[PDB]
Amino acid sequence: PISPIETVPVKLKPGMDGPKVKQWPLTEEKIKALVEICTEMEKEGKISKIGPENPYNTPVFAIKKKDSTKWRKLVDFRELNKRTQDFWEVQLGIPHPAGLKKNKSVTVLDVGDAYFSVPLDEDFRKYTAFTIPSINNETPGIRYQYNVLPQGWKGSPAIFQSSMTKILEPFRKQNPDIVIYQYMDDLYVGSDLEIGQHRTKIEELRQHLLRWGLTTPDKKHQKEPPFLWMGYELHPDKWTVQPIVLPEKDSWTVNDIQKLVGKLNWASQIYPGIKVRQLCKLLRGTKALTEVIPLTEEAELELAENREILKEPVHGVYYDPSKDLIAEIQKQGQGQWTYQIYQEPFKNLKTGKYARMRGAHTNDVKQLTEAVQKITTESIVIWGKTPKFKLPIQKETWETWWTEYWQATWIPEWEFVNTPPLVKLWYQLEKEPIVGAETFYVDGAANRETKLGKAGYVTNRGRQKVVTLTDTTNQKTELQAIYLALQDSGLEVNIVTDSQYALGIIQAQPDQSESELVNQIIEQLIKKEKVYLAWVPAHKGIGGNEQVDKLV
């Protein structure tokens, strides 16, 4: 009950000194509770009495327990914590089931009084001094300091885990075939041993722990498969998310839909092809949490599609280190990608989705690559190696894009899989100017305070046209002029522009965009049989440009 482990040196931030907070008066039932609590704690070593020598103090109080008739000592370390050094962050993250190896038998051991079982640095104890107030604060109080890690202090979580990891180390180093995961108070222990020899391995651990101050309840009350853990349900050789119930409701609040999305997003770790696009579009905008959002049709069918998928239970599988991981990706509603990761087709270790726009304008080949990149980082975290990919894109499609694009890129070993809808390029711009195709010199231009714009073009075939656009930007006009030239020309056409901006957009070959204009321009690009786009310096007197430039 107080570990013989060596303490962690602690100290307060460099400038600062210990807290000196005034204790307020408490009611008399509260003072009574404090005295008996602290008398129990003192007899156990957790705290010990100090003289008024000690300059420092921190507020205590007490609350009634769980509607029951007990009290709990609360200590307010606000000021101590504000004055305490920073510690190494505890966990960088928590393991994913898909990464867990399979075990015959598993047992959860719970460390009793975890914090009060770890000694606190002798030199730092004084700063934890608190005082139990006398009745009406008439007489001086009872003063204590901590000898162990206090509940609510800043360093307790970090010092406990480290303490538990030093103590755990020998047992780990001596039992490499048995596996232990530590999280806060609990210890989760797994072996491929048979229920008899495993429970014996438990007892050695328990008795090792006890040799070090740490008590754990025993072999009479230890639960059974499946185990609930971090929102998952864990079985000896399969896993799944905890049971997910989607409500039957005629009216959905902003709040209901948020919860509904979170649960779907959670289910999508192992339930293939969950979609939340239509439900998420409902959240767009500003609305109270209590307000009701009429689901749309698309959203009503999504919820339907999801509720089917969730009907039949699905499980995930655990990781065999001796086999490759394969990852498969599919296209869904525009911007939505789903993926599965398995080692034996098609027993998934896990699944998921990717739906992110990078920039305003992407095409499918860019999105797929981003998804490959996201999935690769995830595999390294979970499995420590990268997956072999299967992708709905022809090697030739990908190869044409990689070179075409000015950005560098690279995806690991992958092969084609014919899972429509296939990702492709929907048009290509000409590398060279076109003979016998009309040359449109375009140009848009706004007025900075008016927001009045004029877009248009001049042609080498002497054709020309200008229009007036209202409340648009100099950006949008240069783009409207491109659109203009696409509309009024034939299936082939050379377009000359001054907009580096517009050039940038189209040259990257978008097939999606937030912009209505850009999606318009795209529709046209598809229908054309040859487009060459070229850029020229603004107002540098370039033949064709000046003409359509004055005329706007």
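In this text, residue numbers run from 1 along the sequence as written.
Return whichever of 423 to 431 and 367 to 375 has the greater mean Cα B factor according to the PDB record.
Between 367 to 375 and 423 to 431, it is 423 to 431 that shows the higher mean C-alpha B-factor.
Can you tell me which stretch has the higher mean Cα B-factor, 254 to 262 or 327 to 335?
Averaging CA B-factors over each stretch, the winner is 327 to 335.
In terms of CA temperature factor as recorded, identify the highest of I270, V317, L74, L149.
Out of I270, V317, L74, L149, the record gives the largest C-alpha B-factor to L74.
Quick one: which of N474, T290, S163, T240 shows the highest Cα temperature factor in the PDB entry?
Most elevated C-alpha B-factor of the set, per the entry: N474.
Report the third (lowest, middle or highest) to which the CA temperature factor of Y181 belongs, ranking only the modelled residues of the same chain.
Its C-alpha B-factor, which the entry lists for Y181, ranks in the lowest third among residues of this chain.
Would you please rank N54 by its C-alpha temperature factor against the other modelled residues of its chain and give the third it falls in: lowest, middle or highest?
According to the entry, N54 has a C-alpha B-factor in the chain's highest third.
Ranked by Cα temperature factor within the chain, is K353 in the lowest third, the middle third or the highest third?
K353: CA B-factor falls in the lowest third of its chain.
Please say which third, lowest, middle or highest, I274 falls into when its CA temperature factor is compared across its chain.
Middle third.
Once the chain's modelled residues are ordered by C-alpha B factor and cut into thirds, is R143 in the lowest, middle or highest one?
As the PDB entry reports it, the C-alpha B-factor of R143 lands in the middle third of its chain.
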